[PDB]
Amino acid sequence: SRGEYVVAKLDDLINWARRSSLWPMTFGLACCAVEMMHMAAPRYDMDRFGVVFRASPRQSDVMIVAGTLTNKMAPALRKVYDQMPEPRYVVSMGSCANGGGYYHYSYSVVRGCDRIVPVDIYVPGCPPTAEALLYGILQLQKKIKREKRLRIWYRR
Amino acid sequence: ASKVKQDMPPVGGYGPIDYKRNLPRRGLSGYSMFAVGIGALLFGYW
Amino acid sequence: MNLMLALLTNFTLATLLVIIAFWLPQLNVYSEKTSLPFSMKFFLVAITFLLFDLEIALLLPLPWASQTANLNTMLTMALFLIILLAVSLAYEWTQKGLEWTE
Amino acid sequence: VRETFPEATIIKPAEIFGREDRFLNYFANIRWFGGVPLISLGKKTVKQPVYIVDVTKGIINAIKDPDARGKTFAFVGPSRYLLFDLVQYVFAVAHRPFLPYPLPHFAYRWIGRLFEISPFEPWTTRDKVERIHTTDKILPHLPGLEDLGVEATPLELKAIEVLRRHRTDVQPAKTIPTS
Amino acid sequence: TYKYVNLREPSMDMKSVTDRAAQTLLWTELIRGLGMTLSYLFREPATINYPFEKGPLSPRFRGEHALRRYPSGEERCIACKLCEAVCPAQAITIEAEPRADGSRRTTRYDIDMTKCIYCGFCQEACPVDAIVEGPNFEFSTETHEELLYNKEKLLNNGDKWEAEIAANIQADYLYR
Amino acid sequence: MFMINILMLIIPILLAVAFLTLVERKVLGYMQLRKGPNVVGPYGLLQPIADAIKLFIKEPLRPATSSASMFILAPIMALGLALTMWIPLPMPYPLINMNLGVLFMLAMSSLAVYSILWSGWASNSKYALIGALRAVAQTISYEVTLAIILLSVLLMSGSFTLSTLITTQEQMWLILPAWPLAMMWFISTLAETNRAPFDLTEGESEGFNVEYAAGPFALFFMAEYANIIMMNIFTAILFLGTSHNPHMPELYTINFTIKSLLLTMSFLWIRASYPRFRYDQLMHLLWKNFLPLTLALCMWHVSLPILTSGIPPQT
Ligand SMILES: CCCCCCCCCCCCCCCCCC(=O)OC[C@H](COP(=O)([O-])OCC[N+](C)(C)C)OC(=O)CCCCCCCCCCCCCCCCC
Ligand SMILES: CCCCCCCCCCCC(=O)OC[C@H](COP(=O)(O)OCC[N+](C)(C)C)OC(=O)CCCCCCCCCCC
Ligand code: SF4
Ligand code: SF4
Ligand code: SF4
């Protein structure tokens with residue numbers, strides 16, 4: 001058939017693989033990390049979607065910024081992001097990472113992790129329930145499923 | 001003109017709740033664990 | 001000839017997977033990244049393994065040695081070697097050689 | 001562009017160098033094949049590279065400046081270099097062994113053809129070889145960076161930040177005097 | 001009153017010393033651990049089949065903020081700013097003026113959902129049950145700007161979730 | 001027909017490795033009150049394929065290495081030797097019927113320690129090299145008990161041939177007369193393979209493959225998981241011998257395979273039950289507990305056949 005059709009199936013296969021093996025590196029900085037641990041607990045069992053509990057940063061595909069990002073911690077978070085092999089996604093979890101939350105007007109808080117790294121999914125809550133975070137991971141999987149890396153390459 | 005109704009324990013209270021450690025004792029004694037172990041070796045050697 | 005052909009396949013297959021695993025990723029064309037003090041206890045464990053390994057080389061032919069008619073001599077020499085191997089372990093043990101606290 | 005949009009502002013920069021440039025990073029990926037092929041031996045080719053931030057700061061000041069409508073600018077670096085001396089400096093800063101050898105002009109075209117058959121971003125092409133070996137024009141009738149309040153950044157000051165990642169007290173390159 | 005957790009003397013009679021010798025040599029206590037995890041292998045797992053099954057919640061659950069109406073369609077909010085004055089995160093911004101018919105209504109009612117700490121103080125302080133936290137907890141977005149709600153988003157949430165907000169308020173208004 | 005035989009050995013090994021990752025993740029899940037992978041494919045059967053594709057199309061991670069040639073040599077050695085340790089195994093008929101098959105497996109497993117050592121050098125990280133030295137020290141230490149324990153079991157078999165362990169156990173499993181050795185042999189295979197409770201290389205808050213991510217890291221993973229199966233197959237042949245009927249060889253393979261799977265499952269069983277040792281504590285386990293007992297049982301197993309008139313045949 002047309003070249004677009006053939007290169008669209010390969011796009012589906014690689015998109016399927018990447019969203020079926022999302023290995024997260026969790027930056028557990030504050031209370032939002034407890035709800036992240038509850039998403040790995042038996043009730044939600046994130047490992048059954050293919051999302052391993054905790055991968056090393058060099059094996060990781062998605063970074064979950066779960067907690068308050070302070071000025072003192074900002075350069076460390078950027079360094080871990082710069083060392084993530086691609087493709088790499090960032091999930092901002094909770095109000096602190098979203099926009100600073102309860103500490104928005106503090107002298108020592110970065111007003112949203114999206115000033116340091118690019119963010120793909122914002123999960124609202126303080127903390128988001130483990131189910132809300134899971135709903136955000138399944139939304140990132142749906143976002144990977146809509147990628148068109150090969151279509152753009154083909155039509156270049 | 002009904003009565004006050006709030007969350008209360010049932011009349012007579014709840015039943016007893018266990019809290020003390022309960023690790024049951026299992027297995028044989030040291031003498032009888034070595035007797036079976038040694039006996040297995042002897043049968044194997046034979 | 002089978003063993004030679006068996007080793008060639010296993011390492012050729014391993015070699016092929018290594019190279020493609022290094023090159024198959026290098027077609028996504030990703031964006032340009034643009035970004036010890038000697039410990040004497042580790043040496044002692046490596047040396048001790050060597051001297052025990054050399055004793056194991058002398059003990060390896062024991063299965064064949066038990067087929068001889070001089071069993072009284074063979075059993076004495078076999079137990080002598082194993083015992084002397086135990087003495088080495090006893091010596092290092094009592095001289096704080098097996099410890100890891102500095 | 002000058003006809004459809006008369007009040008446009010045309011910027012004419014030289015080869016821009018920076019972290020993600022294809023100019024200094026181009027003279028650092030000739031190590032897996034041998035020496036450094038060059039038309040002639042880098043002689044008779046004069047380059048005037050310009051820093052990326054200088055070009056960026058120039059474009060910003062053209063938006064704010066009113067007396068830049070319907071005008072053409074020539075953003076060039078402060079110093080001029082010989083392609084041989086320039087490439088020698090790049091390898092010295094990157095601590096790579098420099099083994100320059102000449103190659104015929106037609107011979108360089110063919111290897112350009114070989115490297116442009118790939119479906120990805122070609123390492124080099126026929127057109128790329130021509131542009132690198134073209135001599136940067138001197139148009140003193142066009143206002144440059146100094147006409148927008150931008151001090152051109154010398155290549156020696158900010159070349160280490162680009163070539164740091166290629167490494168596994170450097171003499172500045174000889175420069176053409178203004179005369 | 002108090003108790004000692006680790007103040008017992010092990011027996012030194014020959015039987016007890018041999019019972020401890022058997023444990024060391026035959027790994028008996030390490031084999032109870034194996035038995036305790038083999039037990040869990042044959043227990044039913046606690047995992048639920050999300051998103052087809054959901055975790056239980058209660059009428060008090062605090063989720064996405066929303067603006068409500070009277071049964072006549074009139075807005076409940078009369079721009080009093082008690083919610084704005086009590087928001088610990090200062091996430092509510094209100095502006096108001098006399099509506100065309102003289103009513104007291106807001107021209108702006110924004111909630112920065114990335115400042116909000118989802119505490120429910122606003123719905124405690126509202127005298128007319130206008131601003132509430134609905135039961136929704138699945139509104140993750142792909143951009144930071146989608147979480148800065150204005151009066152239209154909040155009124156849309158109220159129309160969208162009124163059927164469920166009203167029943168949650170009816171189930172819990174007698175405790176508050 | 002021999003080249004077909006090699007592929008009938010290599011390919012199923014890699015598929016057994018591929019689905020051991022799935023089985024490990026579900027077994028741990030059910031011991032942890034979870035479910036494990038059950039979404040990607042029915043019952044998770046497609047999870048291994050998703051991981052493989054994902055890893056081999058991820059961005060290369062290789063940073064500046066001082067011995068790039070050594071960077072490529074380590075995975076080749078690790079995966080070449082892992083497949084090479086299968087060719088003498090009788091199942092029931094070996095691919096390469098060696099007269100010294102037992103020594104061949106010891107020799108090849110004593111070279112896989114180079115993969116650890118070379119990967120530490122080729123990482124240009126002084127803290128990765130320290131990790132490799134610890135991993136090497138643990139491996140060679142427990143190679144001492146594997147050889148002495150193995151030598152003690154051959155004094156009842158009479159030869160280094162792997163196929164003679166089938167004959168030796170035709171009346172009774174060797175575990176019954178040698179269960180003290182089987183206990184220490186089994187734990188040595190854990191420490192040899194760097195599996196919990198001995199996986200101090202995975203002390204995240206307390207590995208040498210960090211410089212490998214995706215691609216080559218996948219190959220190191222396959223080599224390690226291929227050795228777990230091989231070690232547990234070696235354990236079954238050595239202490240749980242299966243009866244061999246020459247006219248029905250497939251009866252041996254079914255029984256032999258079931259034993260080798262249960263032992264492989266028990267590795268997962270153990271990983272779910274215990275915390276891990278400190279580095280010094282797993283050294284003291286070998287040098288001060290196993291080695292004293294192994295030497296004593298080697299003396300006993302040299303003299304026992306002589307004093308009972310039970311010396312086995314040389315042929
Ligand atoms: C007539 C007979 C003459 C011949 C008789 C010869 C045999 C006599 C009996 C010998 C005693 C038996 C020796 C058993 C080995 C003892 C090793 C030892 O040192 O233990 C103490 C060691 C050390 O004990 P410790 O840490 O408490 O300290 C001992 C020393 N002090 C107290 C001074 C510090 O313990 C261990 O080995 C535990 C290792 C961790 C194990 C974790 C995994 C557990 C998995 C359990 C399943 C195993 C199944 C095995 C079956 C496999 C089937 C293929
Ligand atoms: C010939 C080139 C090789 C690749 C062949 C195609 C494989 C990729 C498609 C699967 C993923 C997919 O499509 O995802 C899952 C799909 C449904 O996807 P959907 O929601 O309808 O997609 C919507 C559109 N998107 C994706 C662009 C957003 O489930 C299926 O019914 C697929 C099950 C049958 C798969 C059979 C595979 C056989 C090939 C084996 C050798 C490669
Ligand atoms: S968003 Fe809420 S739960 Fe999360 S870290 Fe901040 S205060 Fe804690
Ligand atoms: S729930 Fe709390 S943080 Fe959110 S708007 Fe109401 S008062 Fe403010
Ligand atoms: S929502 Fe309620 S508390 Fe807030 S301004 Fe309106 S009426 Fe007042």
# chains A, B, ... in the order shown; residues from 1 in each chain; ligands from 1
call {"tool": "closest_atom_pairs", "arguments": {"of": "chain F", "to": "ligand 2", "cutoff": "12 Å", "atoms": "only C-alpha atoms and all ligand atoms", "output": "JSON lines"}}
result
{"residue": "F:40", "atom": "CA", "partner": "ligand 2", "partner_atom_place_in_ligand_line": "15 (C)", "distance": 10.2}
{"residue": "F:41", "atom": "CA", "partner": "ligand 2", "partner_atom_place_in_ligand_line": "33 (C)", "distance": 9.6}
{"residue": "F:42", "atom": "CA", "partner": "ligand 2", "partner_atom_place_in_ligand_line": "33 (C)", "distance": 11.8}
{"residue": "F:46", "atom": "CA", "partner": "ligand 2", "partner_atom_place_in_ligand_line": "35 (C)", "distance": 10.8}
{"residue": "F:49", "atom": "CA", "partner": "ligand 2", "partner_atom_place_in_ligand_line": "40 (C)", "distance": 10.6}
{"residue": "F:50", "atom": "CA", "partner": "ligand 2", "partner_atom_place_in_ligand_line": "11 (C)", "distance": 10.4}
{"residue": "F:53", "atom": "CA", "partner": "ligand 2", "partner_atom_place_in_ligand_line": "42 (C)", "distance": 10.6}
call {"tool": "write_last_selection", "arguments": {"atoms": "C-alpha atoms", "output": "PDB file, in the first residue's frame"}}
result
ATOM      1  CA  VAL F  40       0.431  -6.306  28.050  1.00  0.00           C
ATOM      2  CA  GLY F  41      -0.866  -9.418  26.322  1.00  0.00           C
ATOM      3  CA  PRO F  42      -3.154 -11.966  27.983  1.00  0.00           C
ATOM      4  CA  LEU F  46       3.567 -10.029  25.552  1.00  0.00           C
ATOM      5  CA  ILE F  49       8.365  -8.547  23.756  1.00  0.00           C
ATOM      6  CA  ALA F  50       7.468  -4.977  24.732  1.00  0.00           C
ATOM      7  CA  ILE F  53      11.646  -3.728  21.546  1.00  0.00           C
TER       8      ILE F  53
END
call {"tool": "residues_near_ligand", "arguments": {"ligand": "ligand 1", "cutoff": "7 Å", "atoms": "only C-alpha atoms and all ligand atoms", "output": "list in words"}}
result
residues 38, 41 and 42 of chain B; 24, 25, 26, 27, 30 and 31 of chain E; 180, 182, 183, 184, 186, 187, 197, 235, 239, 270, 285, 289, 290, 297 and 300 of chain F
call {"tool": "residues_near_ligand", "arguments": {"ligand": "ligand 5", "cutoff": "10 Å", "atoms": "only C-alpha atoms and all ligand atoms", "output": "PyMOL selection string"}}
result
chain E and resi 66-68+75-87+92-96+104-106+109+121-132
call {"tool": "interface_residues", "arguments": {"of": "chain B", "to": "chain E", "cutoff": "9 Å", "atoms": "only C-alpha atoms", "output": "number ranges by chain"}}
result
B: 27-31, 33-34
call {"tool": "interface_residues", "arguments": {"of": "chain A", "to": "chain E", "cutoff": "8 Å", "atoms": "only C-alpha atoms", "output": "MDAnalysis selection string"}}
result
chainID A and resid 42:45 94:96 98:104 119:126 128:129 131:132 135:136
call {"tool": "select_by_dssp", "arguments": {"residues": "chain A", "states": "alpha helix (DSSP H)", "output": "NGL selection string"}}
result
:A and (3-19 or 32-40 or 74-82 or 94-99 or 130-145 or 149-155)
call {"tool": "closest_atom_pairs", "arguments": {"of": "chain F", "to": "chain D", "cutoff": "9 Å", "atoms": "only C-alpha atoms", "output": "tab-separated table"}}
result
residue	atom	partner	partner_atom	distance
F:64	CA	D:168	CA	6.8
F:65	CA	D:168	CA	8.4
F:66	CA	D:168	CA	8.2
call {"tool": "write_last_selection", "arguments": {"atoms": "C-alpha atoms", "output": "compact mmCIF listing (two decimals), in the first residue's frame"}}
result
# COMPACT_ATOMS: atom_id res chain seq x y z
CA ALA F 64 33.47 8.50 27.42
CA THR F 65 35.18 5.14 28.00
CA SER F 66 38.94 4.77 28.33
call {"tool": "closest_atom_pairs", "arguments": {"of": "stretch 24-99 of chain C", "to": "stretch 69-91 of chain A", "cutoff": "10 Å", "atoms": "only C-alpha atoms", "output": "CSV"}}
result
residue,atom,partner,partner_atom,distance
C:28,CA,A:86,CA,9.6
C:30,CA,A:86,CA,7.4
C:31,CA,A:86,CA,9.0
C:33,CA,A:82,CA,8.0
C:34,CA,A:82,CA,9.5
C:35,CA,A:82,CA,7.5
call {"tool": "write_last_selection", "arguments": {"atoms": "N, CA, C and O atoms", "output": "PDB file, in the first residue's frame"}}
result
ATOM      1  N   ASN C  28      17.453   6.303  15.522  1.00  0.00           N
ATOM      2  CA  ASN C  28      16.496   7.307  15.967  1.00  0.00           C
ATOM      3  C   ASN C  28      17.000   8.718  15.717  1.00  0.00           C
ATOM      4  O   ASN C  28      16.202   9.661  15.743  1.00  0.00           O
ATOM      5  N   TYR C  30      18.774  10.965  17.645  1.00  0.00           N
ATOM      6  CA  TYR C  30      18.313  11.839  18.710  1.00  0.00           C
ATOM      7  C   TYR C  30      19.103  13.144  18.710  1.00  0.00           C
ATOM      8  O   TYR C  30      20.159  13.264  18.086  1.00  0.00           O
ATOM      9  N   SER C  31      18.571  14.130  19.427  1.00  0.00           N
ATOM     10  CA  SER C  31      19.234  15.423  19.520  1.00  0.00           C
ATOM     11  C   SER C  31      20.554  15.292  20.269  1.00  0.00           C
ATOM     12  O   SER C  31      20.680  14.498  21.205  1.00  0.00           O
ATOM     13  N   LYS C  33      23.416  15.476  22.752  1.00  0.00           N
ATOM     14  CA  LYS C  33      23.308  15.624  24.200  1.00  0.00           C
ATOM     15  C   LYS C  33      23.942  16.927  24.672  1.00  0.00           C
ATOM     16  O   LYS C  33      23.372  17.635  25.511  1.00  0.00           O
ATOM     17  N   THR C  34      25.117  17.264  24.143  1.00  0.00           N
ATOM     18  CA  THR C  34      25.841  18.466  24.557  1.00  0.00           C
ATOM     19  C   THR C  34      26.015  18.491  26.074  1.00  0.00           C
ATOM     20  O   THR C  34      25.874  19.528  26.725  1.00  0.00           O
ATOM     21  N   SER C  35      26.325  17.330  26.640  1.00  0.00           N
ATOM     22  CA  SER C  35      26.499  17.194  28.080  1.00  0.00           C
ATOM     23  C   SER C  35      26.957  15.782  28.412  1.00  0.00           C
ATOM     24  O   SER C  35      27.050  14.928  27.530  1.00  0.00           O
TER      25      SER C  35
END
call {"tool": "atom_distance", "arguments": {"atom1": "atom CA of residue A:7", "atom2": "atom CA of residue A:156"}}
result
13.1 Å
call {"tool": "atom_distance", "arguments": {"atom1": "atom CA of residue D:50", "atom2": "atom CA of residue D:19"}}
result
12.7 Å
call {"tool": "interface_residues", "arguments": {"of": "chain A", "to": "chain F", "cutoff": "12 Å", "atoms": "only C-alpha atoms", "output": "PyMOL selection string"}}
result
chain A and resi 10+13-23+39-61+82-88
call {"tool": "write_last_selection", "arguments": {"atoms": "C-alpha atoms", "output": "short mmCIF file (atom, residue, chain, number, x, y, z; two decimals), in the first residue's frame"}}
result
data_model
loop_
_atom_site.label_atom_id
_atom_site.label_comp_id
_atom_site.auth_asym_id
_atom_site.auth_seq_id
_atom_site.Cartn_x
_atom_site.Cartn_y
_atom_site.Cartn_z
CA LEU A 10 5.88 0.65 12.46
CA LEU A 13 4.65 -0.99 17.05
CA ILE A 14 7.29 1.28 18.57
CA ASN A 15 4.61 3.39 20.26
CA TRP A 16 3.08 0.22 21.67
CA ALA A 17 6.43 -1.00 23.00
CA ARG A 18 7.37 2.30 24.62
CA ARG A 19 4.06 2.76 26.47
CA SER A 20 3.99 -0.91 27.52
CA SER A 21 7.41 -0.63 29.21
CA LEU A 22 7.28 2.78 30.92
CA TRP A 23 9.99 2.54 33.58
CA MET A 39 0.36 3.22 43.48
CA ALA A 40 2.94 0.43 43.67
CA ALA A 41 1.17 -1.16 46.66
CA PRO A 42 -1.06 -4.19 46.02
CA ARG A 43 -4.34 -2.35 45.44
CA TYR A 44 -3.19 -0.53 42.30
CA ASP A 45 -0.05 -2.55 41.49
CA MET A 46 1.50 -0.28 38.89
CA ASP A 47 3.80 -3.15 37.90
CA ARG A 48 0.85 -4.88 36.20
CA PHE A 49 0.74 -2.16 33.52
CA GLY A 50 4.43 -2.69 32.81
CA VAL A 51 5.45 0.27 34.99
CA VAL A 52 8.25 -1.12 37.15
CA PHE A 53 8.32 0.11 40.73
CA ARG A 54 11.67 1.92 40.58
CA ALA A 55 14.28 1.89 37.81
CA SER A 56 17.73 3.43 37.87
CA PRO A 57 17.90 6.87 36.23
CA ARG A 58 19.98 5.54 33.32
CA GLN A 59 17.37 2.84 32.60
CA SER A 60 14.40 5.16 33.15
CA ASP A 61 11.93 6.43 30.56
CA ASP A 82 19.96 15.70 31.42
CA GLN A 83 21.30 12.17 32.05
CA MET A 84 18.06 10.39 31.14
CA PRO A 85 18.40 8.56 27.81
CA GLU A 86 15.74 9.45 25.27
CA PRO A 87 12.81 9.19 24.78
CA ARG A 88 12.19 10.83 28.18
#
